[PDB]
């Protein structure tokens, strides 16, 4: 027994021993699935959670306008008034937000941007990033995927 609400993302939530459900449009974990917005928002097992899936090295050359195309599963369609998708990258301690597009439930793309980083001897920089929607609803990234900027 415990507060399902303490789980911050879907995968932790549905894997809880507390017996919890994830509300994908409200972005919260609950013991009572009736607190989700509607039935289709209720996630009960990990395979149904929104998540990025394993992919080969995401390689973006510095100083060139490029999109970043990410493979996923179960990405939610925003409800009325909810904001869409963004990529949030931490590059050497600074946060960059890039507009993104959900092409479908299995594909999200950070839209065209150029990227830079400091360091003449770093030929390939691993960058922490999140895909979010509605400002701060984070998509689970269980394989710990990184963006790799390269020189």
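Residue numbers count along the first chain shown, from 1.
Taking the mean C-alpha B-factor of each stretch as recorded, 113-121 and 53-61 are not equal, and the higher mean is that of 113-121.
Look at the C-alpha B-factors of 137-145 and of 8-16. On average they run higher in 8-16. Among 94, 101, 126, 68, the highest C-alpha B-factor in the deposited entry belongs to 94. Listed residues 39, 27, 30, 105 were ranked by CA B-factor as deposited; 39 comes out on top. Ranked against the other modelled residues of its chain, the C-alpha B-factor of residue 45 as given in the entry falls in the highest third.
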